[PDB]
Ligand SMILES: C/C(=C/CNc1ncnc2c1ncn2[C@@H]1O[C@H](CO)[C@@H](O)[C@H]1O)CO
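Next up: just one chain, as structure tokens, the form solved without the ligand.
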């Protein structure tokens, strides 16, 4: 349409090993996130499939607090060896007002300090749809807090996903 805005929703260096963060955020998040971060994630249900796999669809439901209610994420590519997942939001109200279509890539990279986690959004914008930092800062801030809580859980539970 008007174009694509690609932006980094999270760039987070962590002492936790990348295989473990990958499992927590992309593979087993439907179990972990409602337990560990209920203030950000009410529940996650499989709309299609019953395990994280290419083609599955997970619906993430946000608390009443949240400015949006839900998102349906279709998993299009998984490269577990590279700790990489790509999904497409096929339905939901979590978009910045002016987004026709949104694609996300969650990547975890091995570093010397531990991991570097990058979550990248590709926002396809409608005709003359203005977009500003204030439109994505709430998501950026919420994601950092979620990561913080998940990181602490994995530190406190060193064998989980090891």
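Numbering follows the first chain given and starts at 1.
Colleague: Got a sec? Mean C-alpha B-factor, which is higher, 150 to 158 or 134 to 142?
Modeller: Taking the mean C-alpha B-factor of 134 to 142 and of 150 to 158, the larger value falls to 134 to 142.
Colleague: May I ask you to compare 52 to 60 and 97 to 105 by their mean CA B factor in the entry and name the higher one?
Modeller: Higher mean C-alpha B-factor: 97 to 105.
Colleague: Which third, lowest, middle or highest, does the C-alpha temperature factor of residue 118 belong to within its own chain?
Modeller: It belongs to the middle third of the chain when residues are ordered by C-alpha B-factor.
Colleague: Ordered by C-alpha B-factor within the chain, which third holds residue 128? Give me lowest, middle or highest, please.
Modeller: For residue 128, whose C-alpha B-factor we compare with every modelled residue in the chain, the answer is the highest third.
Colleague: Per the entry's values, where does residue 45 land by CA temperature factor relative to the rest of its chain, in the lowest, middle or highest third?
Modeller: Middle third.
Colleague: Where does residue 7 sit by CA temperature factor within its chain: lowest, middle or highest third?
Modeller: It falls in the middle third of the chain.
Colleague: Within this chain, which third does the Cα B-factor at residue 80 fall in: lowest, middle or highest?
Modeller: It belongs to the highest third of the chain when residues are ordered by C-alpha B-factor.
From this point on, the text means the form deposited with the ligand bound, which you will not see here.
Colleague: Exactly one of 100, 135, 28, 109 has a non-hydrogen atom within 4.5 Å of the ligand in the bound PDB entry; which residue is it?
Modeller: The option sitting close enough to the partner is 135.
Colleague: Quick check on this chain: which one of 17, 9, 12, 149 has a heavy atom within 4.5 Å of the ligand in the bound PDB entry?
Modeller: Contact check passes for 9.
Colleague: Is it true that 87, 139 and 143 each have at least one non-hydrogen atom within 4.5 Å of the ligand in the bound PDB entry?
Modeller: Judged in the bound PDB entry, 87, 139 and 143 all sit within 4.5 Å of the ligand.
Colleague: Taking the ligand as it sits in the bound PDB entry, is residue 104 in contact with it (heavy atom to heavy atom, 4.5 Å or less)?
Modeller: Yes, residue 104 lies within 4.5 Å of the ligand in the bound PDB entry.
Colleague: Might residue 117 be said to contact the ligand in the bound PDB entry, defining contact as any heavy atom within 4.5 Å?
Modeller: Taking the distances in the bound PDB entry, the answer for residue 117 is no, it never comes within 4.5 Å of the ligand.
Colleague: Which residues, if any, of 62 to 78 lie within 4.5 Å of the ligand in the bound PDB entry when only heavy atoms count?
Modeller: Counting only heavy atoms within 4.5 Å of the ligand in the bound PDB entry, the single contacting residue of 62 to 78 is 68.
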